[PDB]
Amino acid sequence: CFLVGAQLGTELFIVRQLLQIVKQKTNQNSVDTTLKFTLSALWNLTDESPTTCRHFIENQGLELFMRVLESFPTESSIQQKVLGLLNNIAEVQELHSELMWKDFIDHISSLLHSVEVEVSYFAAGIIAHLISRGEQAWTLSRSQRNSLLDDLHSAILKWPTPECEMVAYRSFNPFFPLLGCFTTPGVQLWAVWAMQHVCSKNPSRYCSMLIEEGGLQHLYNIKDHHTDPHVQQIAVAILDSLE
């Protein structure tokens, strides 16, 4: 029992209502369980869902998430939930335009050099999906675009094995376009590191998934292509863990 096709605007109402909970919490500098949950709620709702990403931007979720970063510069887990939702937005190619914003990129480049890999990993992701889209869709500066490409690659190699799995994925599909961005190794580097990371932490879930969705061929494509050593290194490791 419910009221036909009336569930479409309840989830958009929900996004609107959680955003207000973020504002009222940021307003009060109240890093509490409720704020953390609301941030997690927003993250999961945007998962595999470009309509929710759009609603998040249509009500001013970027501006607000910016101001969230700024109000809680040392709260590692806050940042993570913020950047995680923002990684989902980085995935939607139509919304790429509305992330072309140096105040937003300046926040992401900052958190790329976090000593917490949990934080820096999601920053890296946002960067890789944005650099993935080529020089011609980067409406911002090319001194920053080239500089983040370098910082992204060098950052990944500073990363320890993390203790627990840091992220869940329902599908590996968004990674495949990054696997073929040979001109930008840091974008491929992030992709392979992450696949390796979830496949070593939770193979029972992710090896079957990676294989079924057609991942091996992309990985094999890297194995034989002049390619970046590090990217090729992680590449053959994942492969050999199955072949």
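In case it trips you up, residue 1 is the first one in the sequence shown, and so on.
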Pick one of none, 1 to 3, 4 to 9 or 10 or more for the number of deposited-sequence residues not modelled between residue 3 and residue 4.
1 to 3
Mind giving me a quick count class for deposited residues absent from the model between residue 225 and residue 226? Options are none, 1 to 3, 4 to 9, 10 or more.
1 to 3
Comparing average C-alpha B factors as deposited, tell me which of 29-37 and 206-214 sits higher.
206-214
If you take the mean CA temperature factor per stretch, which one wins between 79-87 and 165-173?
165-173
Looking at the C-alpha B-factor values in the deposited entry, which of 73, 160, 134, 125 comes out highest?
134
Out of 155, 148, 119, 108, whose C-alpha atom has the biggest B factor in the entry?
148
Chain thirds of CA B-factor: placement of residue 181:
highest
Sort the modelled residues of this chain by their C-alpha B factor and say whether residue 99 lands in the lowest, middle or highest third.
middle
In terms of its chain's C-alpha B-factors, the third that includes residue 130 is the middle
